[PDB]
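Structure first, commentary second.
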Amino acid sequence: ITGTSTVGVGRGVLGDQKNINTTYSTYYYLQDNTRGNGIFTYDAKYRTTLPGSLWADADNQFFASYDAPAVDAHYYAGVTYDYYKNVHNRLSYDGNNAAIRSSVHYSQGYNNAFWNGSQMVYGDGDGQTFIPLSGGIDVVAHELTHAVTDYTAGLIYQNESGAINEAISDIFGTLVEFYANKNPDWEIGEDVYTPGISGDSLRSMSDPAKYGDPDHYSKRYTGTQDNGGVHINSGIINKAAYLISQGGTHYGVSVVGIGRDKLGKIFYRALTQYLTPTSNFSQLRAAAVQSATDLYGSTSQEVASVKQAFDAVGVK
Ligand SMILES: CC(C)C[C@H](NC(=O)CNP(=O)(O)CNC(=O)OCc1ccccc1)C(=O)O
Ligand SMILES: [Ca+2]
Ligand SMILES: [Ca+2]
Ligand SMILES: [Ca+2]
Ligand SMILES: [Ca+2]
Ligand SMILES: [Zn+2]
């Protein structure tokens, strides 16, 4: 909408207060004009017709329970935009400042979130498996990263290419969580998963097998559930990324960590320069090795650690 840029205040899903960029034109809208061509947050009103209505508020204060998922979707989309711009010199998901759209209150009891080809979509959860999923910065950044992938490598959402697609979203979701630096970890979705259970997560990158996901290529899933295991086999790549950053000895193979910033540079370059829609795990290893070579040199520690990490997870 056409209006003037304003700053509202509200509370997110976890009860924390934050300032949000809004737009005033009769109502105050969840429309942040400070980032690219805007960040826009919509109310899906418990229905499945998208996007719903651009979120309107009478007073620029967003403290109602119903407001909380919208506050966090809007705010964390902004943090994710800032990460890509400041860290990778990427302007929104298309590289040309495309408007970022999200809808909250999607459906009823909806235990998921997704990128639908055009926008982000967040369920509220059923209150037992999940609380509203936009409360997780890693989840929000995971979703926006699907848009980045779709505009760049274009990894097809099945089998190995789809597991790479998923891992890319978990990797950058985690790197955005570290960028914001509020309780960061290598777990996925801990802030919104299972409100009745402390200390669990939807996935772990440091130890995928904690939640049943493989941590070695020999343990990959080969069936047809979950688009050929895209959220399962992502554990193999998530573990390799964790090892590149943090180091460790895994199945007897030792990896010297090189830190998060270098992990992010290597995988961002691989995603945007070398991966293709049909890349498999072996091709990802080659892309990551080449990316590290470009950035740091063929004889560098960084290249050596990429190779060790993929060796540790059984990917040649
Ligand atoms: C219990 C769940 C929260 C776990 C998991 N989801 C995630 O980890 C995050 N959502 P996501 O990975 O973005 C879904 N995304 C997904 O299933 O994409 C299918 C699609 C393709 C094209 C258009 C619309 C949807 C899942 O779906 O099993
Ligand atoms: Ca209000
Ligand atoms: Ca965390
Ligand atoms: Ca996390
Ligand atoms: Ca929990
Ligand atoms: Zn995903």
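The count begins at 1 with the first shown residue.
Going by what the header records, the deposited coordinates were determined by X-ray crystallography, 1.2 Å.
Cβ from N, Cα, C; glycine included.
Swiss-Prot names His142, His146 as Zn(2+) ligands; from the candidate set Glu160, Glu166, the record adds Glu166 to that same site. For the Ca(2+) 3 site, Swiss-Prot records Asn183, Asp185, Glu190, and the single candidate of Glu143, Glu177 listed with them is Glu177.
Looking at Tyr193 (Ca(2+) 4 binding site) and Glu166 (Zn(2+) binding site), their Cα atoms lie 18 Å from each other. For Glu177 (Ca(2+) 2 binding site), the nearest neighbour among the recorded positions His142, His146, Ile197, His231, judged by Cα separation, is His142.
When the Cα of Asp185 (Ca(2+) 2 binding site) is compared against those of the recorded positions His142, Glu143, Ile197, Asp200, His231, the shortest separation belongs to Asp200.
Listed recorded positions near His231 (active site, proton donor): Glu166 (candidates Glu143, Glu166, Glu190, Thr194, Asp200; Cα-Cα distance within 10 Å). Ranked by CA distance from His146 (Zn(2+) binding site), the binding-site residues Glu187, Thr194, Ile197 have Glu187 at the top as the closest.
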